[PDB]
Amino acid sequence: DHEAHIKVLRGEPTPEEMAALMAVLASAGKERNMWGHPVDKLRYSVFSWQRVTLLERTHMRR
Amino acid sequence: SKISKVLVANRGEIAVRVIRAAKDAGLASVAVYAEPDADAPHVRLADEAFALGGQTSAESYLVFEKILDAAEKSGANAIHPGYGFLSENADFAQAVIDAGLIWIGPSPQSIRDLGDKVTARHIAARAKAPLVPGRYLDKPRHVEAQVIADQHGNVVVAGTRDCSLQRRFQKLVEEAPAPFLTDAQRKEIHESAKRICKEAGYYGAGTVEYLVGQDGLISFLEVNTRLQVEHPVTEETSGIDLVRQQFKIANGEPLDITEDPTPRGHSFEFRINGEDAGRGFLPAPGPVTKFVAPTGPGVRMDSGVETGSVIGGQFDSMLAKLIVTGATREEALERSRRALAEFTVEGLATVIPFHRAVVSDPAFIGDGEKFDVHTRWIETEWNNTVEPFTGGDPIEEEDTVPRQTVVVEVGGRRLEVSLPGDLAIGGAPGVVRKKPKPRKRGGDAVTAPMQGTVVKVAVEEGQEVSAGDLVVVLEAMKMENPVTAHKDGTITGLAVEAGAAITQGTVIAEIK
Amino acid sequence: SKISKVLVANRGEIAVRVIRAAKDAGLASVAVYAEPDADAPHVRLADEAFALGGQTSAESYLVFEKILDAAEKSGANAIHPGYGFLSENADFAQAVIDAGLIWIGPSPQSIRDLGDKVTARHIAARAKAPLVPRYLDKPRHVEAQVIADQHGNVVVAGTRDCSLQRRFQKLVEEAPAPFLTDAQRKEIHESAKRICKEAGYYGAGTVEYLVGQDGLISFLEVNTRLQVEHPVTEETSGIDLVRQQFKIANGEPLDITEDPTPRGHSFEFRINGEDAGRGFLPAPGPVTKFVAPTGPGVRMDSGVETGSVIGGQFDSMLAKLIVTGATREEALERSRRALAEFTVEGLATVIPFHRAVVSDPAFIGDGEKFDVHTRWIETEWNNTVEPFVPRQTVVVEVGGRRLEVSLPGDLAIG
């Protein structure tokens, strides 16, 4: 077991206080669509390395 | 002549203590500091402080000329040596008296006479101290008589201390008055100490150490010729301020106290060493990232360190001393069980968990007529349940998850609750948790396993060594640390020399 | 009938002192805190702690309902008052007895009878206490520490001098009361015994007297509590007065048969958060730094630490500095050290006043007498001190109980 458990560091709640505490704590708390992605709206020089390191990288990263 | 300005030729807690005694006397106090101590409390607490300009205990504190030069420049008219360092160096005491400063301590001659073991044996003989017959002992107790001795030869026995908790030859917990002794044993220890000190011509503060067998036979051990570390329990059990007494005697004023004070109450001292009891009390450097002293009823605490202090490998591990006192030994133990539970130190390993245990261990509580403790008890009989110090390091996979600590009120109960940052109860960009590796490596290079100084170089360049041969002895924390050849070969490079400071990971030599 | 778990009904220095005494006895210590104190040292040091709520004493520590309720919720078996608050409220003491908790204090009838000067004065006359015949011009205030017994034994732990006072508020305290003649001392001791035995007093309390320049003693008052300046008597006599309160509340006869001879001398200096440069008005604010004086001959009992905030909602007192020595002059010397080491930052304190008075010939004396009187700080001391987010709550029902629950409103998780 290596989950990060809740710790009560100080004091000792009796069972009913434990249950009230836990119940209140329990109460509170990738579809790609590149269409018109900003990187497509940018305008790149024909020899711009950003065509590799920004545009293509952004499209390919999945 | 009259003392007016005292140079406190020492560091840490005893420096603090002598500064405070000076201020109570209304004397001026001059501290000295090595470069690791430039931020130390006592440099600020003293009325003045002078830099010894040295990286290590030898070049900073122990060279006589730097302390005498500090005395000159400050115009200090007396020197108090504290304990250790030069407090036992009779040649330094002589050089001080040659300079004409009031040496606050015993005469150089009596320091030599009681320092030489054979000469001291002859002294104890003439004195007719209770020497042991001759005889090997099984499980002796250790009992100290505090001596206050006038320059005029008046002597009082301020009381007794039991110091049987010693690990390897270094006292860790002490108590006053020495419990569980017959009045005949008290009579013997007292009047033997009187006789012994005047047969030595002694004056000043002093202490005679006795070693008491399970047969009850007292034996003399030696006279320490200086103020003890444990003196505070004698101050908390006798109406005496021993450092001010020592000032008076160095003034040559007579003893105001004519007869042995009646021991009243019981007082324990616990040495708060920067040593991990969970790893055999090996001392280690580190910051004091938090210090919070016990306070209040029946508590005293003397510390050389504060929050944000740094402790390095150059000096003794003792951070502070806790004294706890009460009307009865049982009451004093109860108060100890409070104070040691209130004590929190953070940032480095400390023996506080050992103190917490031993003050709760039946072997030390005793049956009401004797206890079981003896000089080897910690080394051989104490059940060491203390887990090794790991500080704040994450060491298991679950530790790596950040936590938020909150205060919760539940029916009026106050709870402290630590909640994981990702807690799922009630319902990541590829994050992974796994057990972190510790910071530990594992060639030809022999490398220094810790920072320290090179006390001995065991080899010469071109020497053939085999695996397991000694290469150097490092001192760290005033503690010997052999470093040995990991494989056979010719010693080459050998970049160290004796007395050099050495940082962790430094190449000592390389074996080819 | 035997104490097992003590609710400490008060805050601050006495809260800590009783928590510590309880831990020494090995009793379970339960603290209560109002909203301003929700992380105070006593709240974190106590073995258990309960929120009273409310922003003021009238909303909190004084509400009989809340304190008895907290005692129930804790399952306490005894209630210990400090000084102040309900420590001398006879009606509350009775309410506690009705609750059947061990009230670690004097019996309600004694509190009631001694709380009326008329009834109390009658009692004093019946006891043949030394009584004022005139007005004392410049009296010296001296009191005796009683440790009575449910079996009617009484021990007088000592005389204590409190003559450095302002607005009838004490500022510096001494034990044993200095420069008293032996005749005065005997009169005071035997009178404290007579008067409290006539009063039927169960346990710990202070009998207070005025002494004039002629050295005649007059009885002043009996205060039916372990008064705040008890530590000087503790350090002089070695009686752990709080643990004596525990024994007396148990109804155990005293271990002490005869008045303990004082070992030496001790002073107490109240570290009030009051600026003598503005004439001792409160100075609310942060305690941004609190370095306690430390080591030989010095004890600190404190209700504040670095980062505490102080407000007028409660009394100005922050700590007691206690200094002990073999002699008056030695103890004054040690105090002149300790008060110099004591460093507070971020709010004004009487510390400069203490540094002055421990340096002042009127308080040093000449070796046979000294000049301080209960008004001397006012009438005669040359004052030279230079002037210096919310909580969410949820009310839950659980099968046996209602439980209100409170969380930081900024709580977020997962």
# chains A, B, ... in the order shown; residues from 1 in each chain; ligands from 1
>>> interface_residues(of="chain B", to="chain A", cutoff="10 Å", atoms="only C-alpha atoms", output="CSV table (one decimal) with C-alpha atoms, in the first residue's frame")
chain,number,residue,atom,x,y,z
B,396,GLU,CA,8.8,5.7,0.2
B,397,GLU,CA,6.5,6.1,-2.9
B,398,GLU,CA,3.6,7.5,-0.8
B,399,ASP,CA,5.9,10.2,0.6
B,400,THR,CA,6.3,12.0,-2.8
B,401,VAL,CA,2.6,13.2,-2.8
B,402,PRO,CA,2.3,16.8,-1.5
B,403,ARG,CA,0.0,17.3,1.5
B,405,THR,CA,-2.4,20.4,6.6
B,406,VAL,CA,-5.7,21.9,7.9
B,407,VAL,CA,-7.2,22.4,11.4
B,408,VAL,CA,-10.7,20.8,11.6
B,409,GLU,CA,-13.4,21.3,14.3
B,410,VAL,CA,-15.6,18.3,14.9
B,411,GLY,CA,-18.1,18.5,17.8
B,412,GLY,CA,-15.7,21.0,19.2
B,413,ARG,CA,-12.8,18.7,19.1
B,414,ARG,CA,-9.7,20.3,17.5
B,415,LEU,CA,-8.1,18.0,15.0
B,416,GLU,CA,-5.0,18.4,12.8
B,417,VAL,CA,-5.7,16.7,9.5
B,418,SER,CA,-3.1,16.2,6.7
B,419,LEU,CA,-4.9,15.7,3.3
B,420,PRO,CA,-3.1,14.6,0.1
B,421,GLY,CA,-3.2,17.1,-2.7
B,422,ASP,CA,-4.7,14.5,-5.1
B,423,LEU,CA,-7.0,12.7,-2.6
B,424,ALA,CA,-9.7,10.8,-4.5
B,425,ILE,CA,-12.2,10.1,-1.7
B,426,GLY,CA,-15.7,11.0,-2.7
B,427,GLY,CA,-14.6,11.5,-6.4
B,433,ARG,CA,4.8,8.2,-8.6
B,434,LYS,CA,7.6,5.8,-7.6
B,435,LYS,CA,9.9,5.3,-4.7
>>> closest_atom_pairs(of="chain C", to="chain B", cutoff="6 Å", atoms="only C-alpha atoms", output="CSV")
residue,atom,partner,partner_atom,distance
C:24,CA,B:334,CA,5.1
C:49,CA,B:414,CA,5.7
C:50,CA,B:413,CA,5.0
C:51,CA,B:412,CA,5.2
C:295,CA,B:302,CA,4.7
C:299,CA,B:296,CA,5.8
C:300,CA,B:296,CA,5.2
C:301,CA,B:296,CA,4.9
C:326,CA,B:239,CA,5.9
C:333,CA,B:24,CA,5.3
C:334,CA,B:24,CA,5.6
C:403,CA,B:411,CA,4.6
C:404,CA,B:411,CA,5.4
C:405,CA,B:410,CA,4.6
C:406,CA,B:409,CA,4.8
C:407,CA,B:408,CA,5.4
C:414,CA,B:422,CA,4.4
>>> residues_around(residues="residue 196 of chain C", least_positions_apart="3", cutoff="12 Å", atoms="only C-alpha atoms", output="mmCIF file with N, CA and C atoms, in the first residue's frame")
data_model
loop_
_atom_site.group_PDB
_atom_site.id
_atom_site.type_symbol
_atom_site.label_atom_id
_atom_site.label_comp_id
_atom_site.auth_asym_id
_atom_site.auth_seq_id
_atom_site.Cartn_x
_atom_site.Cartn_y
_atom_site.Cartn_z
ATOM 1 N N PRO C 106 -11.354 26.167 46.159
ATOM 2 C CA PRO C 106 -12.043 26.233 47.449
ATOM 3 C C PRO C 106 -13.538 26.005 47.298
ATOM 4 N N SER C 110 -16.973 28.902 51.054
ATOM 5 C CA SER C 110 -15.803 29.712 51.376
ATOM 6 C C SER C 110 -15.635 30.857 50.386
ATOM 7 N N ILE C 111 -15.763 30.571 49.089
ATOM 8 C CA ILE C 111 -15.683 31.646 48.101
ATOM 9 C C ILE C 111 -16.725 32.719 48.389
ATOM 10 N N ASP C 113 -18.389 33.460 51.300
ATOM 11 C CA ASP C 113 -18.174 34.175 52.551
ATOM 12 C C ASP C 113 -16.978 35.114 52.464
ATOM 13 N N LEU C 114 -15.884 34.680 51.840
ATOM 14 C CA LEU C 114 -14.731 35.557 51.693
ATOM 15 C C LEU C 114 -14.898 36.602 50.593
ATOM 16 N N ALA C 120 -16.672 38.823 55.119
ATOM 17 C CA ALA C 120 -15.249 38.521 55.267
ATOM 18 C C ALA C 120 -14.615 39.249 56.450
ATOM 19 N N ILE C 123 -15.758 37.550 59.580
ATOM 20 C CA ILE C 123 -14.949 36.337 59.708
ATOM 21 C C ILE C 123 -13.549 36.640 60.238
ATOM 22 N N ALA C 124 -12.889 37.646 59.669
ATOM 23 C CA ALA C 124 -11.554 38.034 60.125
ATOM 24 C C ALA C 124 -11.538 38.401 61.606
ATOM 25 N N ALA C 125 -12.491 39.226 62.038
ATOM 26 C CA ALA C 125 -12.598 39.563 63.455
ATOM 27 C C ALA C 125 -12.814 38.320 64.314
ATOM 28 N N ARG C 126 -13.731 37.446 63.901
ATOM 29 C CA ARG C 126 -13.915 36.160 64.571
ATOM 30 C C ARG C 126 -12.610 35.374 64.682
ATOM 31 N N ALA C 127 -11.844 35.317 63.596
ATOM 32 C CA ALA C 127 -10.539 34.666 63.600
ATOM 33 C C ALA C 127 -9.483 35.422 64.391
ATOM 34 N N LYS C 128 -9.776 36.633 64.847
ATOM 35 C CA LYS C 128 -8.784 37.460 65.531
ATOM 36 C C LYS C 128 -7.574 37.699 64.637
ATOM 37 N N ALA C 129 -7.823 37.865 63.345
ATOM 38 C CA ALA C 129 -6.753 38.216 62.433
ATOM 39 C C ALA C 129 -6.170 39.562 62.860
ATOM 40 N N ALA C 144 0.570 36.009 52.441
ATOM 41 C CA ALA C 144 1.000 34.661 52.803
ATOM 42 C C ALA C 144 0.326 33.622 51.913
ATOM 43 N N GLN C 145 1.116 32.677 51.397
ATOM 44 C CA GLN C 145 0.589 31.546 50.627
ATOM 45 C C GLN C 145 0.089 30.450 51.568
ATOM 46 N N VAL C 146 -1.237 30.311 51.661
ATOM 47 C CA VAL C 146 -1.874 29.196 52.356
ATOM 48 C C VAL C 146 -1.893 27.947 51.478
ATOM 49 N N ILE C 147 -1.629 26.799 52.103
ATOM 50 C CA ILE C 147 -1.969 25.479 51.568
ATOM 51 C C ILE C 147 -2.762 24.784 52.673
ATOM 52 N N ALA C 148 -4.078 24.982 52.676
ATOM 53 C CA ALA C 148 -4.970 24.272 53.582
ATOM 54 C C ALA C 148 -5.242 22.844 53.108
ATOM 55 N N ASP C 149 -6.006 22.117 53.926
ATOM 56 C CA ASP C 149 -6.277 20.698 53.746
ATOM 57 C C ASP C 149 -7.754 20.445 54.007
ATOM 58 N N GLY C 152 -8.353 19.898 57.423
ATOM 59 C CA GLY C 152 -8.141 21.054 58.266
ATOM 60 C C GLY C 152 -6.709 21.346 58.663
ATOM 61 N N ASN C 153 -5.737 20.562 58.202
ATOM 62 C CA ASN C 153 -4.350 20.988 58.312
ATOM 63 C C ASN C 153 -4.152 22.269 57.507
ATOM 64 N N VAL C 154 -3.174 23.077 57.908
ATOM 65 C CA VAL C 154 -2.741 24.215 57.101
ATOM 66 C C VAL C 154 -1.223 24.323 57.158
ATOM 67 N N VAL C 155 -0.602 24.536 55.997
ATOM 68 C CA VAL C 155 0.802 24.914 55.888
ATOM 69 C C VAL C 155 0.893 26.285 55.229
ATOM 70 N N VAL C 156 1.753 27.147 55.759
ATOM 71 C CA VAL C 156 2.034 28.447 55.156
ATOM 72 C C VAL C 156 3.353 28.336 54.400
ATOM 73 N N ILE C 188 2.337 37.407 60.832
ATOM 74 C CA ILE C 188 1.728 37.111 59.533
ATOM 75 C C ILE C 188 1.457 35.617 59.358
ATOM 76 N N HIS C 189 2.456 34.768 59.609
ATOM 77 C CA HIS C 189 2.266 33.322 59.453
ATOM 78 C C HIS C 189 1.123 32.798 60.321
ATOM 79 N N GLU C 190 1.190 33.068 61.624
ATOM 80 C CA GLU C 190 0.170 32.573 62.541
ATOM 81 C C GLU C 190 -1.194 33.176 62.239
ATOM 82 N N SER C 191 -1.228 34.422 61.780
ATOM 83 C CA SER C 191 -2.477 35.036 61.358
ATOM 84 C C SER C 191 -3.055 34.401 60.102
ATOM 85 N N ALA C 192 -2.228 34.102 59.104
ATOM 86 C CA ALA C 192 -2.754 33.424 57.926
ATOM 87 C C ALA C 192 -3.367 32.088 58.311
ATOM 88 N N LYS C 193 -2.700 31.359 59.209
ATOM 89 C CA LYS C 193 -3.271 30.113 59.715
ATOM 90 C C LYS C 193 -4.607 30.350 60.413
ATOM 91 N N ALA C 199 -11.948 30.584 58.435
ATOM 92 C CA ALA C 199 -12.751 30.611 57.221
ATOM 93 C C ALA C 199 -13.128 29.219 56.738
ATOM 94 N N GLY C 200 -12.531 28.164 57.291
ATOM 95 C CA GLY C 200 -12.808 26.842 56.760
ATOM 96 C C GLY C 200 -12.221 26.571 55.399
ATOM 97 N N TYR C 201 -11.157 27.275 55.037
ATOM 98 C CA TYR C 201 -10.653 27.254 53.674
ATOM 99 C C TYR C 201 -10.100 25.872 53.345
ATOM 100 N N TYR C 202 -10.467 25.345 52.173
ATOM 101 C CA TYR C 202 -10.132 23.961 51.850
ATOM 102 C C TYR C 202 -8.680 23.806 51.422
ATOM 103 N N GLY C 203 -8.140 24.754 50.662
ATOM 104 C CA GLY C 203 -6.938 24.512 49.874
ATOM 105 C C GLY C 203 -6.075 25.731 49.688
ATOM 106 N N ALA C 204 -5.614 25.932 48.457
ATOM 107 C CA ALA C 204 -4.690 27.009 48.132
ATOM 108 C C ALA C 204 -5.383 28.358 47.991
ATOM 109 N N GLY C 205 -4.735 29.388 48.520
ATOM 110 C CA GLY C 205 -5.237 30.749 48.436
ATOM 111 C C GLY C 205 -4.205 31.678 49.033
ATOM 112 N N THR C 206 -4.367 32.969 48.747
ATOM 113 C CA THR C 206 -3.458 33.991 49.254
ATOM 114 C C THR C 206 -4.153 34.886 50.270
ATOM 115 N N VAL C 207 -3.532 35.057 51.434
ATOM 116 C CA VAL C 207 -3.982 36.029 52.422
ATOM 117 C C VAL C 207 -3.105 37.269 52.293
ATOM 118 N N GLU C 208 -3.720 38.414 52.008
ATOM 119 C CA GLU C 208 -3.017 39.648 51.705
ATOM 120 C C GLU C 208 -3.159 40.618 52.870
ATOM 121 N N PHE C 219 -4.684 43.115 58.029
ATOM 122 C CA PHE C 219 -5.287 42.233 57.045
ATOM 123 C C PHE C 219 -6.019 43.039 55.987
ATOM 124 N N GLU C 221 -7.188 41.155 52.528
ATOM 125 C CA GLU C 221 -8.133 40.345 51.768
ATOM 126 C C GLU C 221 -7.658 38.902 51.751
ATOM 127 N N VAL C 222 -8.585 37.985 51.496
ATOM 128 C CA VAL C 222 -8.234 36.629 51.089
ATOM 129 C C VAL C 222 -8.680 36.439 49.647
ATOM 130 N N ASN C 223 -7.737 36.080 48.779
ATOM 131 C CA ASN C 223 -8.023 35.762 47.387
ATOM 132 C C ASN C 223 -7.997 34.248 47.217
ATOM 133 N N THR C 224 -9.107 33.698 46.735
ATOM 134 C CA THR C 224 -9.430 32.282 46.902
ATOM 135 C C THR C 224 -8.985 31.473 45.687
#
>>> atom_distance(atom1="atom CA of residue 268 of chain B", atom2="atom CA of residue 352 of chain B")
14.1 Å
>>> residues_around(residues="residue 254 of chain B", least_positions_apart="6", cutoff="10 Å", atoms="only C-alpha atoms", output="list in words")
residues 149, 150, 151, 152, 153, 154, 245 and 248 of chain B
>>> write_last_selection(atoms="N, CA and C atoms", output="CSV table (one decimal), in the first residue's frame")
chain,number,residue,atom,x,y,z
B,149,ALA,N,37.3,24.8,46.3
B,149,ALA,CA,38.5,24.9,47.1
B,149,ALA,C,39.1,26.4,47.1
B,150,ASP,N,39.3,26.9,48.3
B,150,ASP,CA,39.8,28.3,48.4
B,150,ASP,C,41.3,28.3,48.1
B,151,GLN,N,41.8,29.4,47.6
B,151,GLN,CA,43.2,29.7,47.6
B,151,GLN,C,43.8,29.7,49.0
B,152,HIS,N,43.0,30.0,50.0
B,152,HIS,CA,43.5,29.9,51.4
B,152,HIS,C,43.3,28.5,52.0
B,153,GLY,N,42.9,27.5,51.2
B,153,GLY,CA,42.9,26.1,51.6
B,153,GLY,C,41.5,25.7,52.2
B,154,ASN,N,40.6,26.6,52.4
B,154,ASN,CA,39.2,26.2,52.7
B,154,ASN,C,38.7,25.3,51.6
B,245,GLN,N,31.7,31.5,42.2
B,245,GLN,CA,32.6,31.0,43.2
B,245,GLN,C,34.0,30.9,42.6
B,248,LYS,N,35.5,34.3,42.4
B,248,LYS,CA,35.9,34.7,43.7
B,248,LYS,C,37.3,34.1,44.1
>>> select_by_dssp(residues="segment 252-389 of chain B", states="helix (DSSP H, G or I)", output="ChimeraX atom specification")
/B:277-279,329-342,352-358,362-365,377-380
>>> write_last_selection(atoms="N, CA, C and O atoms", output="tab-separated table (two decimals), in the first residue's frame")
chain	number	residue	atom	x	y	z
B	277	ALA	N	21.07	8.72	17.99
B	277	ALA	CA	20.99	7.51	18.80
B	277	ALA	C	20.51	6.30	18.01
B	277	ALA	O	20.81	5.17	18.38
B	278	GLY	N	19.77	6.52	16.92
B	278	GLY	CA	19.33	5.43	16.07
B	278	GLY	C	20.40	4.87	15.16
B	278	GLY	O	20.14	3.89	14.46
B	279	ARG	N	21.58	5.47	15.15
B	279	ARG	CA	22.71	5.01	14.35
B	279	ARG	C	23.97	5.05	15.22
B	279	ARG	O	25.00	5.61	14.85
B	329	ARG	N	13.36	12.83	43.69
B	329	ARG	CA	13.81	12.20	42.45
B	329	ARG	C	12.64	11.72	41.59
B	329	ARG	O	12.67	11.87	40.36
B	330	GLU	N	11.60	11.16	42.20
B	330	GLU	CA	10.39	10.78	41.46
B	330	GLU	C	9.73	11.98	40.79
B	330	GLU	O	9.36	11.93	39.60
B	331	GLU	N	9.56	13.07	41.54
B	331	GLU	CA	9.01	14.31	40.99
B	331	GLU	C	9.86	14.86	39.85
B	331	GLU	O	9.34	15.31	38.82
B	332	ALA	N	11.17	14.87	40.04
B	332	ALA	CA	12.10	15.32	39.00
B	332	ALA	C	12.03	14.45	37.75
B	332	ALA	O	12.11	14.96	36.64
B	333	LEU	N	11.86	13.14	37.91
B	333	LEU	CA	11.62	12.28	36.75
B	333	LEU	C	10.32	12.63	36.04
B	333	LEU	O	10.27	12.67	34.81
B	334	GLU	N	9.24	12.83	36.79
B	334	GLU	CA	7.98	13.29	36.19
B	334	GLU	C	8.16	14.59	35.39
B	334	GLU	O	7.70	14.71	34.24
B	335	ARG	N	8.82	15.57	35.99
B	335	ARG	CA	9.09	16.83	35.29
B	335	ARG	C	9.99	16.62	34.07
B	335	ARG	O	9.83	17.30	33.06
B	336	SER	N	10.93	15.68	34.15
B	336	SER	CA	11.75	15.33	33.00
B	336	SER	C	10.88	14.78	31.87
B	336	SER	O	11.06	15.12	30.70
B	337	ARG	N	9.95	13.89	32.22
B	337	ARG	CA	9.02	13.33	31.26
B	337	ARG	C	8.14	14.39	30.61
B	337	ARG	O	7.73	14.23	29.45
B	338	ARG	N	7.84	15.48	31.32
B	338	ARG	CA	7.26	16.63	30.64
B	338	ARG	C	8.27	17.28	29.69
B	338	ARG	O	8.00	17.43	28.48
B	339	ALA	N	9.40	17.74	30.22
B	339	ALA	CA	10.27	18.65	29.48
B	339	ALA	C	10.80	18.00	28.20
B	339	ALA	O	10.82	18.64	27.14
B	340	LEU	N	11.25	16.75	28.29
B	340	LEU	CA	11.75	16.04	27.12
B	340	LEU	C	10.67	15.77	26.09
B	340	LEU	O	10.98	15.59	24.91
B	341	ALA	N	9.40	15.73	26.51
B	341	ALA	CA	8.31	15.60	25.56
B	341	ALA	C	7.99	16.94	24.90
B	341	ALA	O	7.53	16.96	23.75
B	342	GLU	N	8.24	18.04	25.60
B	342	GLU	CA	8.07	19.36	24.97
B	342	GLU	C	9.22	19.71	24.03
B	342	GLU	O	9.02	20.50	23.09
B	352	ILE	N	17.72	13.36	21.68
B	352	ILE	CA	16.49	13.62	22.43
B	352	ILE	C	15.62	12.37	22.53
B	352	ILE	O	15.02	12.12	23.58
B	353	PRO	N	15.48	11.57	21.46
B	353	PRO	CA	14.71	10.32	21.59
B	353	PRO	C	15.32	9.31	22.55
B	353	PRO	O	14.58	8.63	23.28
B	354	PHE	N	16.65	9.25	22.64
B	354	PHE	CA	17.27	8.43	23.68
B	354	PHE	C	16.93	8.95	25.07
B	354	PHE	O	16.68	8.16	25.98
B	355	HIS	N	16.98	10.27	25.26
B	355	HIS	CA	16.60	10.81	26.56
B	355	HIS	C	15.15	10.47	26.91
B	355	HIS	O	14.86	10.01	28.03
B	356	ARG	N	14.23	10.68	25.96
B	356	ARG	CA	12.84	10.28	26.13
B	356	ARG	C	12.69	8.82	26.55
B	356	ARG	O	11.88	8.50	27.43
B	357	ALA	N	13.47	7.93	25.95
B	357	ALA	CA	13.41	6.52	26.34
B	357	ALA	C	13.96	6.31	27.75
B	357	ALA	O	13.29	5.73	28.62
B	358	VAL	N	15.19	6.75	28.00
B	358	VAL	CA	15.86	6.37	29.24
B	358	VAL	C	15.12	6.93	30.44
B	358	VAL	O	15.05	6.29	31.49
B	362	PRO	N	12.42	1.36	33.05
B	362	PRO	CA	12.52	0.85	34.43
B	362	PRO	C	13.93	0.62	34.94
B	362	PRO	O	14.18	0.76	36.14
B	363	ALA	N	14.88	0.27	34.06
B	363	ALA	CA	16.25	0.06	34.50
B	363	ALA	C	16.82	1.32	35.14
B	363	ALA	O	17.63	1.24	36.07
B	364	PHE	N	16.40	2.48	34.65
B	364	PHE	CA	16.85	3.76	35.19
B	364	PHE	C	15.92	4.30	36.27
B	364	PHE	O	16.39	5.01	37.17
B	365	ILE	N	14.62	4.00	36.20
B	365	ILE	CA	13.71	4.42	37.27
B	365	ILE	C	14.09	3.76	38.59
B	365	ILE	O	14.15	4.41	39.64
B	377	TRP	N	25.87	0.29	30.51
B	377	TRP	CA	24.46	-0.07	30.34
B	377	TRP	C	23.93	0.33	28.97
B	377	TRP	O	23.25	-0.46	28.30
B	378	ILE	N	24.23	1.55	28.52
B	378	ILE	CA	23.79	1.97	27.19
B	378	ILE	C	24.44	1.11	26.11
B	378	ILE	O	23.81	0.75	25.11
B	379	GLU	N	25.72	0.77	26.30
B	379	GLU	CA	26.45	0.02	25.28
B	379	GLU	C	25.95	-1.41	25.13
B	379	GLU	O	26.12	-2.01	24.06
B	380	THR	N	25.33	-1.98	26.16
B	380	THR	CA	25.12	-3.43	26.20
B	380	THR	C	23.74	-3.86	26.67
B	380	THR	O	23.36	-5.01	26.38
